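Asks: Dropping the structure in here first, questions after.
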Amino acid sequence: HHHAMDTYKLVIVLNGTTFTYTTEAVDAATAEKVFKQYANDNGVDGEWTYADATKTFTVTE
């Protein structure tokens with residue numbers, strides 16, 4: 001199923017514990033749509049930052 005994608009990664013830093021979730025997406029606007037859906041579905045409200053060099057979204061709280 002069409003392989004023209006990057007791997008994107010979500011990092012959620014809590015109290016000394018870190019959860020990450022990494023997934024393929026067509027672009028960063030798309031991976032942010034998936035991740036923000038996942039976050040909300042799990043009890044995660046927080047401050048987000050994206051780093052294009054590593055295709056990583058980082059959420060703290």
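Positions of Cβ are backbone-derived with ideal geometry, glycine not excepted, and every protein chain shown enters the neighbour counts. What follows is calculated from the coordinates using simple rules that are stated; it is not laboratory data.
Asks: Considering only the range 8-20, state which residues are in a strand (DSSP E or B) and either surrounded by 11 or more Cβ atoms within 10 Å (Cβ to Cβ) or among the hydrophobic types (A, V, I, L, M, F, W, C) (or both). First the steps, then the outcome.
Replies: To start, the set of residues in the range 8-20 that are in a strand (DSSP E or B) comprises 8-13, 18-20.
Selection gives 8, 9, 10, 11, 12, 13, 19, 20.
Asks: Looking only at residues that are surrounded by 13 or more Cβ atoms within 10 Å (Cβ to Cβ) and among the acidic types (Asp, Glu) in the range 21-32, which one is nearest to the chain's Cα centre (by Cα)? Let's see the steps before the verdict.
Replies: Taking the range 21-32 and keeping what is surrounded by 13 or more Cβ atoms within 10 Å (Cβ to Cβ), we get 21, 23-25, 28, 30-32.
Remaining after also requiring among the acidic types (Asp, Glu): 24, 32.
Values: 24: 11, 32: 6 Å.
Here the residue is 32.
Asks: Among 57, 35, which is free of Cβ contacts under 8 Å to residues at least 60 places away in the same chain, surrounded by 12 or more Cβ atoms within 10 Å (Cβ to Cβ), touching a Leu at 6+ places or on another chain (Cβ under 8 Å) and not in a strand (DSSP E or B)? Spell out the reasoning first.
Replies: Numbers: 57 fails: not in a strand (DSSP E or B).
Every option except 35 fails the conditions.
Asks: Which one is farthest from residue 6 (Cα to Cα), of the residues in the range 43-54 that are without any contact (Cβ under 8 Å) to a residue 12 or more places away in the chain and loosely packed, with under 10 Cβ neighbours inside 10 Å?
Replies: By that ranking, first place goes to 43.
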